[PDB]
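Asks: Quick mapping for you: the protein sequence lines, in order, are chains Z and H. Under the working numbering, the first sequence has 11 at position 16, and the numbering climbs by one with no breaks. Under the working numbering, the second sequence has 247 at position 230, and the numbering climbs by one with no breaks. Mind having a look at this structure? Questions to follow.
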Amino acid sequence: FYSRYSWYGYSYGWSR
Amino acid sequence: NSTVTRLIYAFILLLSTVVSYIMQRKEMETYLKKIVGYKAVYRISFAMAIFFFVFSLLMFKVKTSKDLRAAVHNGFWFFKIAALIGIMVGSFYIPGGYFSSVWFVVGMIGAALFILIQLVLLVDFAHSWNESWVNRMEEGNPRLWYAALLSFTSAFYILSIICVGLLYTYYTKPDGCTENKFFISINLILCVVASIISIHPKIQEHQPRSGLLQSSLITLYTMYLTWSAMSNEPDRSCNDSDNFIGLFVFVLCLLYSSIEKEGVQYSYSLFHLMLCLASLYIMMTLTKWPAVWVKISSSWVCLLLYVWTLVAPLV
């Protein structure tokens, strides 16, 4: 998945 | 049932703390003198400390509920209370004077240790919270959890900003209280730096779920600490709500800590040691330069510990 360095951490929920 | 026992122990500590608070009032000086308020508070705090230390040493290396000592931990609340009363009376039997300063220094060291341990626990709790909520963000409805995370982090940061505003209004003057300005400015700048470090992509690469939420929580805790350091400043130019808020945060941490044949859910000995250190810290708080310097160094150790927990993976 396109995990990204979002402010809330290192996730991919916003860009699943 | 183990969680219930931990919560009940927290309850007995809270009851003892409330008793200490109530005897602190001026009206009670009349009753206690008939046998000052800080002396009785010291006595009851010594009772707490000695009882919890005794139980913790009793609970050493206990590893299964099959231990009769495990039952002793679980049951005999009434005998626990009775032994506590007997001890507290015994404390009244110790002479006053040098004992006062000896217990004061013992309480200072205990409060320092409790602050350190509670702070490690707070960082762990914040990390676990952030990880659980990002996981629920990924698996379930992203929008709900995103909104929740944003609301919580924004709330903590706004509360810290409000605390900064109040501290600037009260404990600082345009051309006075330079120590207050120094402390507040250093704490705010270091909190901002800690927040920035919590977003650096390289840091997150090693800790994928380390985000702004735990940063804001640490910032709020640091703001509370620094405020508390100022409220006790002997110099009135540079000088109960802060202690109430500290008690609330301590209660939150104790609840987090609170929340069998093959293995125990938690080491009863270490939990009771933490409880004893909590008794010492409350004893110190409810009441001098050492208090101020200890609190300020505690805030700085807060920020250093958070930065270290974030950076150590880098090393």
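Built from N, CA and C at the ideal position, the CB exists for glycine as well.
1) Do the segment 307 to 323 of chain H and the segment 195 to 214 of chain H make contact, defined as three or more Cβ pairs closer than 8 angstroms?
2) Exposed or buried, what is H:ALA164 when buried is set at 16 or more other beta-carbons lying within 10 Å of its beta-carbon?
3) Consider the Cβ of H:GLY103: report whether some Cβ of chain Z lies at a distance smaller than 8 angstroms.
4) Based on Cα-Cα distance, which residue from H:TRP310, H:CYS270 and H:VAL281 lies nearest to H:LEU292?
5) Pairing CB atoms from the segment 244 to 261 of chain H with CB atoms from the segment 279 to 287 of chain H, are three or more of them under 8 angstroms?
6) With which residues is H:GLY193 paired in a DSSP beta bridge?
7) Please confirm if the segment 234 to 244 of chain H is in contact with the segment 180 to 189 of chain H, defined as three or more CB-CB distances below 8 angstroms between the two stretches.
8) I want to see whether chain Z comes within less than 8 angstroms of H:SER233, judged by CB atoms only; does it?
9) Would a C-beta distance cut-off of 8 angstroms place H:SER177 and H:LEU327 closer than the cut-off?
10) Whole angstroms are fine: how far does the CA of Z:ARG11 sit from the CA of H:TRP244?
11) For the candidate residues H:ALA308, H:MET247, H:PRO330 and H:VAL332, whose alpha-carbon lies nearest to that of H:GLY127?
12) With DSSP as the reference, label Z:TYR0 as helix, strand or coil.
13) Say whether chain H places a C-beta atom closer than 8 angstroms to the C-beta of Z:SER10.
14) Let me see if you follow: with CB-CB separation under 8 angstroms, is Z:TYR7 close to chain H or not?
15) Looking at the unbroken alpha helix (DSSP H) that takes in H:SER117, where does it start and where does it end?
16) Quick check on this structure: which residue in H:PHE200, H:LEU303, H:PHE121 and H:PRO330 has the alpha carbon closest to the alpha carbon of H:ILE39?
17) By the criterion of Cβ-Cβ separation under 7 angstroms, what are the contact partners of Z:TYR(-3) in chain H?
18) How would you label H:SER73, buried or exposed, when you count the other beta carbons within 10 angstroms and need 16 or more for buried?
19) Write down every uninterrupted run of the alpha helix (DSSP H) in the segment 75 to 117 of chain H whose length is 4 residues or greater and which is fully enclosed by it, in chain order.
20) Using alpha carbons as the reference points, say which of H:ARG60, H:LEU205, H:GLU156 and H:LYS51 lies closest to H:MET300.
21) Considering just the uninterrupted stretch of the alpha helix (DSSP H) at H:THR243, what are its terminal residues?
22) Apart from the five residues just before and just after H:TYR26, which ones in its own chain have a Cβ nearer than 7 angstroms to its Cβ?
23) Do the CB positions of H:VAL53 and H:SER37 come within less than 8 angstroms of each other?
24) Can you find a CB in chain Z that lies within less than 8 angstroms of the CB of H:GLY228?
25) Just to confirm the assignment, what range does the alpha helix (DSSP H) spanning H:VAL21 have?
26) Beta carbons nearer than 7 angstroms to chain Z: which residues of the segment 206 to 221 of chain H have them?
27) Closest Cβ-Cβ distance between H:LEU166 and chain Z: below 8 angstroms?
28) Kindly identify the DSSP beta-bridge partner or partners of Z:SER6.
29) Pop quiz: H:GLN231 and H:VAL140 are said to be a contact at Cβ under 8 angstroms. What is the actual Cβ separation, rounded to whole angstroms?
30) Drop a sphere of 10 angstroms on the beta-carbon of H:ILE201, count the other beta-carbons inside from all chains shown, and report buried for 16 or more, exposed for fewer.
31) Please list the terminal residues of the continuous alpha helix (DSSP H) segment that includes H:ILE220.
32) Mind checking whether H:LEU331 and H:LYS219 have CB atoms under 8 angstroms apart?
33) Give me the Cβ distance between H:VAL35 and H:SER286, rounded to the nearest whole Å; I'm assuming they're in contact under 8 angstroms.
Replies: Inspection of the coordinates gives the following:
1) Touching, yes.
2) Taking a 10 Å sphere around the C-beta of H:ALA164, we find fewer than 16 other C-beta atoms and assign the residue as exposed.
3) no
4) H:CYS270
5) Short answer: they don't touch.
6) H:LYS190
7) The segment 234 to 244 of chain H, when compared against the segment 180 to 189 of chain H, does touch it at the 8 angstroms Cβ threshold.
8) no
9) no
10) 43 angstroms
11) Taking each of H:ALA308, H:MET247, H:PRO330 and H:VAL332 in turn and checking the Cα distance to H:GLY127, the smallest one comes out for H:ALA308.
12) strand
13) Answer no: the Cβ-Cβ gap between Z:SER10 and chain H never drops below 8 angstroms.
14) True, the Cβ-Cβ gap to chain H drops below 8 angstroms.
15) 115 to 156
16) H:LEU303
17) Per Cβ cutoff of 7 angstroms: no residues; Z:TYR(-3) is ~12 angstroms from chain H at best.
18) buried
19) The alpha helix (DSSP H) runs lying completely inside the segment 75 to 117 of chain H and spanning 4 residues or more are 85 to 91 and 94 to 109, given in chain order.
20) H:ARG60
21) Run containing H:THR243: 229 to 248, per the alpha helix (DSSP H) assignment.
22) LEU292
23) In this structure, H:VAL53 sits away from H:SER37, with a CB-CB distance that is not shorter than 8 angstroms.
24) yes
25) 19 to 40
26) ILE216, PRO218 and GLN221
27) Interface annotation, H:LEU166: in contact with chain Z, CB-CB separation under 8 angstroms.
28) Bridge pairing for Z:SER6: Z:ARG(-1) [DSSP].
29) 7 angstroms
30) It is buried - the Cβ of H:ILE201 has at least 16 other Cβ atoms within 10 Å.
31) 218 to 223
32) Contact check for H:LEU331 against H:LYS219 passes: the beta carbons are separated by less than 8 angstroms.
33) Incorrect: roughly 26 angstroms between the Cβ atoms, too far for contact.
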